[PDB]
Amino acid sequence: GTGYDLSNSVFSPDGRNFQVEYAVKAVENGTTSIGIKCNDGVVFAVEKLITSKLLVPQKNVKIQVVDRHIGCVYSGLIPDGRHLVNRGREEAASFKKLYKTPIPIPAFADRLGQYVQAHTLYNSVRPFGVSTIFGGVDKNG
Amino acid sequence: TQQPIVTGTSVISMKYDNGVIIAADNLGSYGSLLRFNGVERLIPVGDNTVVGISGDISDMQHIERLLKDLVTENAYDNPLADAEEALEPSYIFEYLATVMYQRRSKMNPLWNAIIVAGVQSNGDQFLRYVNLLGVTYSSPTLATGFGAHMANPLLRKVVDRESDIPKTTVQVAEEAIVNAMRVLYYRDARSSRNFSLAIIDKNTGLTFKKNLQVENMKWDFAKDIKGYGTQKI
């Protein structure tokens, strides 16, 4: 029948999760942001739509730092991005507290991944309305 | 409630006309065993603050990690993290003071005595003490442990009240600190000859000096000392 796109954790008959696909529409609607991997680092950039002359230039910062070595940028629902980064920061601190070393970027990527995936497992939460581009430098590049 | 195992002795400090000096030796004692000789007990925070810590070294290392987390956290979503919204000595201290008093109130202290030395953004000298009881106080000279009993008397001869501060120079202040470290090496049984010294100056910034040694010691008179009363040879 129908109604498969009303709850988050529900599989449609073709094996899809429509609420996640609808979250993608929120991202596609957002500002454009990018990442570029260079031969000893990474670069992030983002478009900030100036709605009016009243917006103070150079303030309203969108790119966020995690620990001291990771940058995150995202497109879509900005608050959802901040929420994700707050989690990332909690998660990076935990890793450093126990293991001393700064969190490697692959390790950090999965921490965000597992958290975002968790928000597709239950109907009592909605998926994240962002796609996040992030990275940095660690022990091996 | 606990007991200190690996310990650091005196931390001594004073302010001068343009800033503050702070020093502490490089020893981690284990009771009467002089166990570790490469222990840095001065913790710089940014370019304007040095925290000197005595007492339990395991707790010092925990406090050390708290301070690194403070710097990280302060830089989050903070475009002015290395300008107007950088950490002041006063913020570092008030944070530490809060923690020290909460831990004593939980009957589980950080078994330390801490001196935060620095220069605020407006140029003012910052020097304040806090310990395991959460007790705080400011003075033109501050010292922990044996330094309180032996260094303060010497340092107070240079800066006896607030008005002596603008009259006191870096050279005179540093010499007074260095002399006090020699005196502590003479009479404190848990002291080391090797120490670190840090100057924070409102003009010349943070100057951190490692691997200093007590020099110009007087011992020659010991040869003339024989017996304990009546013995002649």
Side-chain angles (χ1 to χ4, degrees), chain A residues 31 33 44-46 48 50 55-75 77-105 107-108 111-112 115 130 132-138, chain B residues 2 5-6 28 36 38-41 43-51 53 56-88 91-92 95-96 98-100 102-103 106 108-112 121 206 208:
Chain A
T31 260
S33 58
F44 311 96
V46 62
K48 284 163 58 174
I50 303 173
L55 272 74
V56 180
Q58 305 307 313
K59 288 283 180 181
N60 300 299
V61 178
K62 289 186 77 168
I63 298 175
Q64 295 189 260
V65 74
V66 177
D67 202 297
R68 292 144 106 117
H69 68 295
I70 298 170
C72 306
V73 73
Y74 39 80
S75 298
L77 305 181
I78 303 307
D80 285 6
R82 280 195 52 77
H83 183 87
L84 189 61
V85 171
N86 289 158
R87 174 71 184 201
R89 291 163 172 176
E90 281 178 306
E91 206 92 56
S94 157
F95 189 93
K96 180 181 279 175
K97 183 180 193 292
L98 189 53
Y99 306 126
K100 193 54 164 60
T101 176
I103 189 162
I105 290 74
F108 175 78
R111 292 294 178 101
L112 294 186
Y115 188 68
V130 285
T132 307
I133 295 172
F134 65 100
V137 174
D138 68 14
Chain B
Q2 38 187 98
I5 280 67
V6 187
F36 304 114
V39 181
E40 182 56 71
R41 306 196 285 114
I43 316 304
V45 183
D47 66 343
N48 66 170
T49 303
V50 178
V51 183
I53 302 166
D56 188 82
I57 296 303
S58 85
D59 287 337
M60 184 186 80
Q61 290 178 355
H62 169 81
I63 288 162
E64 187 159 357
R65 195 169 53 74
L66 289 175
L67 293 168
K68 267 146 188 161
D69 292 18
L70 228 193
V71 171
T72 304
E73 214 89 37
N74 186 65
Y76 286 161
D77 309 332
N78 187 10
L80 314 176
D82 64 336
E84 291 90 2
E85 296 293 352
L87 290 167
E88 293 283 70
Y91 311 161
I92 305 307
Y95 172 66
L96 290 173
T98 299
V99 170
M100 297 308 277
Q102 282 178 176
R103 288 289 297 264
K106 291 282 183 61
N108 181 210
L110 295 174
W111 204 283
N112 298 106
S121 67
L206 202 195
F208 201 99

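Just so we're on the same page: letters track the sequence lines, and every chain starts at 1.
Not a single donor-acceptor pair under 3.5 Å links the side chain of A:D138 to the backbone N or O of A:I103. Side-chain N or O atoms of B:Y76 include none that pairs as donor or acceptor with a backbone N or O of A:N86 at under 3.5 Å.
Salt bridge B:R103/B:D59: absent, no basic N to carboxylate O contact under 4.0 Å.
Comparing A:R89, A:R68, A:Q64 by how many heavy-atom pairs each has under 4.5 Å with chain B, the most go to A:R89.
Residue contact with chain A, scored on non-hydrogen atoms closer than 4.5 Å, involves the side chain of B:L80 exclusively. Contacts of A:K59 with chain B are made by side-chain atoms alone, with heavy-atom separations under 4.5 Å and no backbone atom involved. Within the 4.5 angstrom heavy-atom criterion, only side-chain atoms of A:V61, from C-beta onward, approach chain B.
Between A:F134 and A:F108, the ring planes are perpendicular. Angles over 60° get that label, and only those under 30° would be called parallel.
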